[PDB]
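K.L.:
Handing over protein17.txt, compact mmCIF, C-alpha atoms.
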# COMPACT_ATOMS: atom_id res chain seq x y z
CA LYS R 107 -94.65 18.12 -7.83
CA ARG R 108 -93.53 16.22 -10.92
CA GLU R 109 -92.17 19.04 -13.12
CA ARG R 110 -92.73 21.83 -10.58
CA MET R 111 -89.21 21.14 -9.33
CA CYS R 112 -88.01 21.55 -12.92
CA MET R 113 -89.45 25.03 -13.41
CA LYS R 114 -88.40 26.05 -9.89
CA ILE R 115 -84.75 25.10 -10.44
CA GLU R 116 -84.82 26.58 -13.95
CA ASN R 117 -84.99 30.05 -12.39
CA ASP R 118 -81.79 31.66 -11.06
CA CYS R 119 -79.72 29.16 -13.09
CA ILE R 120 -80.18 29.96 -16.79
CA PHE R 121 -78.71 33.32 -17.80
CA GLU R 122 -79.40 35.39 -20.90
CA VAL R 123 -76.92 36.16 -23.70
CA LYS R 124 -77.89 38.32 -26.68
CA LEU R 125 -75.87 40.26 -29.23
CA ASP R 126 -78.65 42.79 -29.99
CA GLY R 127 -81.88 41.53 -28.42
CA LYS R 128 -81.22 38.19 -30.15
CA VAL R 129 -81.07 35.44 -27.52
CA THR R 130 -78.58 32.82 -28.72
CA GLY R 131 -77.13 30.80 -25.83
CA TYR R 132 -77.89 30.19 -22.17
CA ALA R 133 -75.43 29.71 -19.31
CA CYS R 134 -75.79 27.06 -16.60
CA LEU R 135 -74.56 27.06 -12.99
CA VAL R 136 -73.34 23.70 -11.67
CA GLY R 137 -70.01 22.21 -10.64
CA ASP R 138 -68.75 25.46 -9.07
CA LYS R 139 -68.39 26.73 -12.64
CA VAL R 140 -70.26 27.94 -15.73
CA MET R 141 -70.74 26.15 -19.06
CA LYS R 142 -71.90 27.44 -22.44
CA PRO R 143 -71.55 26.48 -26.13
CA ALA R 144 -68.39 28.17 -27.37
CA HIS R 145 -69.47 28.01 -31.03
CA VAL R 146 -71.87 30.95 -30.53
CA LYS R 147 -70.77 34.46 -29.57
CA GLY R 148 -72.42 36.95 -27.25
CA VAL R 149 -72.18 38.84 -23.97
CA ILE R 150 -73.47 37.78 -20.56
CA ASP R 151 -76.23 39.83 -18.96
CA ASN R 152 -74.80 39.77 -15.43
CA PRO R 153 -72.00 42.36 -15.03
CA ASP R 154 -70.09 40.11 -12.60
CA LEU R 155 -69.80 37.28 -15.15
CA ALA R 156 -68.44 39.66 -17.80
CA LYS R 157 -65.26 40.78 -16.04
CA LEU R 158 -64.05 37.32 -14.97
CA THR R 159 -61.67 35.57 -17.35
CA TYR R 160 -62.85 32.45 -19.14
CA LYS R 161 -61.33 29.44 -20.89
CA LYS R 162 -62.08 28.13 -24.39
CA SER R 163 -62.26 24.77 -26.17
CA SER R 164 -61.45 23.99 -29.79
CA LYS R 165 -63.61 21.01 -30.80
CA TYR R 166 -65.65 20.32 -27.64
CA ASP R 167 -67.15 23.87 -27.99
CA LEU R 168 -67.64 24.09 -24.21
CA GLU R 169 -66.23 26.46 -21.61
CA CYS R 170 -65.28 26.41 -17.92
CA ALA R 171 -64.66 29.36 -15.61
CA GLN R 172 -64.53 29.78 -11.84
CA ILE R 173 -67.50 31.39 -10.07
CA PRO R 174 -66.99 33.54 -6.93
CA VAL R 175 -68.57 32.76 -3.58
CA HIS R 176 -71.58 35.10 -3.60
CA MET R 177 -73.67 32.72 -5.77
CA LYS R 178 -73.14 29.41 -3.94
CA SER R 179 -76.90 28.77 -3.68
CA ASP R 180 -77.43 27.92 -7.38
CA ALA R 181 -75.55 24.61 -7.78
CA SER R 182 -77.13 21.32 -8.85
CA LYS R 183 -76.08 17.77 -7.87
CA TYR R 184 -74.08 16.76 -11.00
CA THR R 185 -73.93 12.98 -10.67
CA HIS R 186 -74.10 10.68 -13.68
CA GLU R 187 -76.69 7.94 -14.17
CA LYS R 188 -77.44 6.26 -17.53
CA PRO R 189 -80.93 4.71 -17.53
CA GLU R 190 -83.31 4.39 -20.50
CA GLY R 191 -86.01 6.87 -19.51
CA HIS R 192 -87.10 10.50 -19.68
CA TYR R 193 -85.44 13.75 -18.63
CA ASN R 194 -88.12 16.33 -19.56
CA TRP R 195 -86.21 19.50 -20.49
CA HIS R 196 -87.82 22.94 -20.58
CA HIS R 197 -89.98 22.07 -23.62
CA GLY R 198 -91.48 18.59 -23.68
CA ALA R 199 -90.22 15.25 -22.43
CA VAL R 200 -87.06 13.46 -23.62
CA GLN R 201 -86.93 10.10 -25.42
CA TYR R 202 -83.68 8.13 -25.10
CA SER R 203 -82.87 4.92 -26.96
CA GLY R 204 -79.72 3.15 -28.15
CA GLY R 205 -77.38 5.69 -26.60
CA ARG R 206 -79.15 8.53 -28.42
CA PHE R 207 -81.16 11.52 -27.21
CA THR R 208 -84.32 11.97 -29.27
CA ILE R 209 -87.00 14.67 -29.36
CA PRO R 210 -90.38 14.96 -31.09
CA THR R 211 -90.23 16.99 -34.28
CA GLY R 212 -91.46 20.55 -33.85
CA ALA R 213 -90.58 20.62 -30.13
CA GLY R 214 -87.48 22.73 -30.82
CA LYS R 215 -86.18 25.33 -33.24
CA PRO R 216 -82.80 26.74 -34.34
CA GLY R 217 -81.25 29.43 -32.19
CA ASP R 218 -82.33 27.64 -29.00
CA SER R 219 -79.12 26.01 -27.73
CA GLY R 220 -77.91 26.28 -24.15
CA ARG R 221 -80.80 24.49 -22.42
CA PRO R 222 -79.45 22.00 -19.85
CA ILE R 223 -80.87 18.50 -19.43
CA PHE R 224 -81.31 17.05 -15.94
CA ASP R 225 -82.74 13.77 -14.68
CA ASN R 226 -86.16 13.82 -13.02
CA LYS R 227 -84.49 13.56 -9.59
CA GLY R 228 -83.38 17.19 -9.92
CA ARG R 229 -79.86 16.25 -11.06
CA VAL R 230 -78.12 17.76 -14.08
CA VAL R 231 -77.13 15.33 -16.84
CA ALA R 232 -75.86 17.22 -19.90
CA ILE R 233 -76.22 20.31 -22.10
CA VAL R 234 -78.20 20.35 -25.36
CA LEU R 235 -76.80 21.71 -28.64
CA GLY R 236 -79.08 20.64 -31.50
CA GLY R 237 -80.12 17.89 -33.84
CA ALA R 238 -81.39 16.85 -37.25
CA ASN R 239 -84.70 15.54 -38.58
CA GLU R 240 -85.12 11.89 -39.62
CA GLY R 241 -88.78 10.95 -39.81
CA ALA R 242 -91.22 11.76 -37.01
CA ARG R 243 -88.39 12.27 -34.48
CA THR R 244 -85.26 14.43 -34.37
CA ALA R 245 -81.86 13.51 -32.96
CA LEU R 246 -79.93 15.54 -30.37
CA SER R 247 -76.32 16.43 -29.62
CA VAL R 248 -75.18 16.59 -25.99
CA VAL R 249 -72.07 15.99 -23.87
CA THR R 250 -71.86 13.20 -21.30
CA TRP R 251 -69.33 12.39 -18.59
CA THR R 252 -68.57 9.66 -16.07
CA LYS R 253 -67.29 11.75 -13.13
CA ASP R 254 -64.83 13.29 -15.64
CA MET R 255 -63.70 13.38 -19.30
CA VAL R 256 -66.69 14.97 -21.00
CA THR R 257 -67.39 13.30 -24.34
CA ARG R 258 -69.53 14.35 -27.29
CA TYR R 259 -72.05 12.26 -29.22
CA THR R 260 -73.07 13.72 -32.60
CA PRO R 261 -74.90 11.41 -35.03
CA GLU R 262 -74.32 11.80 -38.75
CA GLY R 263 -75.97 14.89 -40.22
CA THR R 264 -76.68 16.54 -36.86
CA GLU R 265 -77.21 20.30 -36.85
CA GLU R 266 -76.90 22.50 -33.78
CA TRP R 267 -79.76 24.82 -32.86
CA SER Q 371 -26.19 34.73 -36.89
CA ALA Q 372 -27.94 32.00 -38.89
CA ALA Q 373 -27.02 29.44 -36.22
CA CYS Q 374 -28.36 31.73 -33.49
CA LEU Q 375 -31.57 32.30 -35.46
CA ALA Q 376 -32.00 28.55 -35.94
CA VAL Q 377 -31.51 27.77 -32.25
CA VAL Q 378 -33.81 30.58 -31.08
CA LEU Q 379 -36.58 29.59 -33.50
CA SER Q 380 -36.21 25.95 -32.45
CA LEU Q 381 -36.47 26.81 -28.75
CA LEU Q 382 -39.42 29.14 -29.38
CA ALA Q 383 -41.27 26.50 -31.40
CA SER Q 384 -40.55 23.89 -28.73
CA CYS Q 385 -41.89 26.18 -25.99
CA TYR Q 386 -45.00 27.04 -28.03
CA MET Q 387 -45.77 23.39 -28.73
CA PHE Q 388 -45.13 22.54 -25.08
CA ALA Q 389 -47.80 25.14 -24.31
CA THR Q 390 -50.17 23.48 -26.80
CA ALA Q 391 -49.43 20.08 -25.24
CA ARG Q 392 -50.07 21.55 -21.78
CA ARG Q 393 -53.46 22.81 -22.93
CA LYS Q 394 -54.26 19.42 -24.48
CA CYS Q 395 -53.16 17.63 -21.28
CA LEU Q 396 -56.14 18.62 -19.15
CA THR Q 397 -58.40 21.02 -20.96
CA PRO Q 398 -61.14 18.35 -20.45
CA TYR Q 399 -60.39 18.09 -16.71
CA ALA Q 400 -60.66 21.85 -16.43
CA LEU Q 401 -64.21 21.03 -17.57
CA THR Q 402 -66.56 18.41 -16.01
CA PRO Q 403 -68.70 19.29 -12.97
CA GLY Q 404 -66.90 19.10 -9.65
CA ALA Q 405 -63.96 16.68 -9.79
CA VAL Q 406 -60.28 17.50 -9.18
CA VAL Q 407 -56.89 16.96 -10.80
CA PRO Q 408 -56.39 13.18 -11.30
CA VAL Q 409 -53.25 13.23 -9.08
CA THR Q 410 -52.79 9.47 -9.48
CA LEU Q 411 -52.51 10.02 -13.25
CA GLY Q 412 -50.72 13.37 -13.08
CA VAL Q 413 -49.57 15.61 -10.24
CA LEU Q 414 -46.95 17.79 -11.96
CA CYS Q 415 -46.12 15.77 -15.10
CA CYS Q 416 -47.66 18.52 -17.26
CA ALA Q 417 -47.89 21.40 -14.74
CA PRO Q 418 -51.69 20.86 -14.29
CA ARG Q 419 -52.19 23.14 -11.28
CA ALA Q 420 -53.54 26.62 -10.59
CA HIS Q 421 -53.74 27.28 -6.84
CA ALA Q 422 -56.34 24.75 -5.67
In structure tokens, how does this file's structure come out?
P.N.:
Amino acid sequence: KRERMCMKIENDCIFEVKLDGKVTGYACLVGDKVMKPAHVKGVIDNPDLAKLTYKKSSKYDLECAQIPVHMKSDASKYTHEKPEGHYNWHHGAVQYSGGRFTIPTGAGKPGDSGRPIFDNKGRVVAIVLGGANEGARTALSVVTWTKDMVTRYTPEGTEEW
Amino acid sequence: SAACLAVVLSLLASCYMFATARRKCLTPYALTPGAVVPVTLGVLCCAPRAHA
């Protein structure tokens, strides 16, 4: 029951985007809206998500668009807490220290952006982009909010997956 | 004709940069999960509404 909730809520939330069989970015479903990294191109798998218009961001490389009312059963809790603990995304746990998200080296690879990060209480926290290798651990790059005003945190030399 | 061209280009540039300023006003508040227009910060100071 520890990470079973994680894999259960992973389904029906992450959506597939691929140019030609090349999965690049994944789309989340929380906040009565859809987010994705705008730096990477592609097409959504679901036909309904394709026709609806969508916004665009210049430097925050995020995106917001309204979702209709026939998928209201796939929304998370979206409340912000900032402890110093773990958040166990789809591959491995998550190490956080000094305001930085940190992963073990080899736990991720390029071309794997779009995986959301959510606290162990089944509550979404942020969206992962990528990181860079310094020693036995690799940094991350995510976006964090306090009820509003999403803000980025990219250490020097970071590199998005 | 030169005066008319100057005034029309000035008004067009002003409108375009008003549009850019409008985008920069609350493109972050279009984002964020849940939440609403700040209201107490801006109700119609930058036309930040689209239905509800």
K.L.:
So how many Å separate atom CA of residue 128 of chain R and atom CA of residue 214 of chain R, to one decimal?
P.N.:
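Spanning atom CA of residue 128 of chain R to atom CA of residue 214 of chain R is a straight-line distance of 16.7 Å.
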K.L.:
Quick one: residues within 12 Å of residue 412 of chain Q, only C-alpha atoms counted, chain neighbours fewer than 4 positions away excluded, as a PyMOL selection string?
P.N.:
chain Q and resi 392+395-396+399+406-408+416-419
K.L.:
Have a look at atom CA of residue 263 of chain R and atom CA of residue 232 of chain R and let me know their distance in Å, one decimal.
P.N.:
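Atom CA of residue 263 of chain R sits 20.5 Å away from atom CA of residue 232 of chain R.
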K.L.:
Considering only C-alpha atoms, state which residue in the set Q:414, Q:376, Q:400, Q:420 is at the smallest distance from chain R.
P.N.:
Q:400
K.L.:
Contacts between chain R and chain Q, please, where a residue of chain Q counts if it comes within 6 Å (with all atoms listed in the file); show its shortest atom pair and distance in Å to one decimal, rows by chain and ascending number, as a Markdown table.
P.N.:
| residue | atom | partner | partner_atom | distance |
| --- | --- | --- | --- | --- |
| Q:398 | CA | R:255 | CA | 5.7 |
| Q:401 | CA | R:170 | CA | 5.5 |
| Q:402 | CA | R:254 | CA | 5.4 |
| Q:403 | CA | R:137 | CA | 4.0 |
| Q:404 | CA | R:137 | CA | 4.5 |
K.L.:
Find the residues around residue 107 of chain R up to 12 Å (all atoms listed in the file counted), leave out those fewer than 2 positions away in its own chain, and share them as a list in words.
P.N.:
residues 109, 110, 111, 112, 113, 114, 226, 227 and 228 of chain R
K.L.:
What is the distance, in Å and to one decimal place, between atom CA of residue 248 of chain R and atom CA of residue 223 of chain R?
P.N.:
8.9 Å
K.L.:
Which residue is closest to residue 190 of chain R? Choose from R:224, R:207, R:202, R:259 and count only C-alpha atoms.
P.N.:
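The closest residue to residue 190 of chain R is R:202.
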K.L.:
Please check which residues have atoms at most 9 Å from (-71.5, 28.3, -26.8) in the file's coordinates, counting all atoms listed in the file, and write them as a count of residues only.
P.N.:
18
